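Notes follow the structure.
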Amino acid sequence: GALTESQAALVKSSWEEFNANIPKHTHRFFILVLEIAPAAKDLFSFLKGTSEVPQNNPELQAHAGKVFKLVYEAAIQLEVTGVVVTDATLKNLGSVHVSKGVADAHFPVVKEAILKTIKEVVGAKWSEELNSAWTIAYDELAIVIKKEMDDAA
Ligand code: HEM
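In the entry's author numbering, the protein residues as written are 1 to 153.
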């Protein structure tokens with residue numbers, strides 16, 4: 001697809017939409033995750049010992065926010081510059097994933113959880129051109145973190 005001026009414009013627009021409702025979109029995101037894979041629950045400190053996904057847990061919200069921000073920033077960087085840049089942050093990310101017992105096969109779990117979360121976020125404005133644009137941006141960012149985990153192990 002690339003990332004035409006027209007596609008980037010489409011990701012920015014859709015992320016602004018996500019940020020607009022953190023406690024919802026983040027609890028939704030954790031449920032889509034536990035739907036695709038239930039065992040994932042024991043991983044998260046704030047999910048252990050609980051029976052359901054907490055809805056107002058600051059720890060959980062802050063956590064999931066950070067996750068989507070990172071995928072958006074990735075799309076813009078692709079349109080302007082043509083790439084996704086690896087920094088300190090992406091590297092520390094790779095460490096903590098490993099401490100917590102996270103693997104590569106976990107990634108399509110979280111991707112489908114994010115496309116489905118954004119399809120849910122933009123509703124009728126959804127286009128092939130937009131799906132194509134977030135897909136390209138996740139794929140490109142996952143490529144980068146998986147790369148850093150393997151390096152933290
Ligand atoms: C491009 C995709 C991804 C991004 C951008 C991302 C980002 C992050 C960030 C920023 C943190 C730390 C947040 C904090 O300090 O508050 C974190 C923690 C964590 N992540 Fe991810 N992540 C991704 C994929 C995954 C996958 C596929 C899994 C596996 C299910 C996972 C499992 C975890 C766990 C268990 C923690 C520790 C939470 C704790 O017990 O408090 N992440 N992630």
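Cβ atoms here follow ideal geometry from the backbone N, Cα and C, with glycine treated the same way.
Between the ligand HEM and residue 29, a heavy atom-to-CB distance of less than 8 Å is absent. For residue 105, there is no enclosing alpha helix (DSSP H), as DSSP gives it neither H nor E. Minimum Cα-Cα distance from residue 141 among the listed residues 68, 34, 48, 22 corresponds to 68. DSSP places residue 50 within a strand segment (E or B) once states are collapsed to three. Secondary structure note for residue 56: it is in no alpha helix (DSSP H), with a DSSP letter that is neither H nor E. By the beta-carbon neighbour count (other beta carbons within 10 angstroms, threshold 16), residue 84 is buried. In the three-state DSSP reduction, residue 78 falls in the helix class (H, G or I). By the neighbour-count definition (other C-beta atoms within 10 Å, threshold 16), residue 79 is a buried residue.
The segment 118-125 and the segment 2-19 touch, with no fewer than 3 CB-CB distances between them shorter than 8 Å. Nearest neighbour of residue 87 by Cα position, chosen from 30, 98, 74, turns out to be 74. Contact between residue 60 and residue 145 fails: their C-beta atoms lie close to 20 Å from each other, not under 8 Å. Secondary structure at residue 123: helix, using DSSP grouped into helix, strand and coil.
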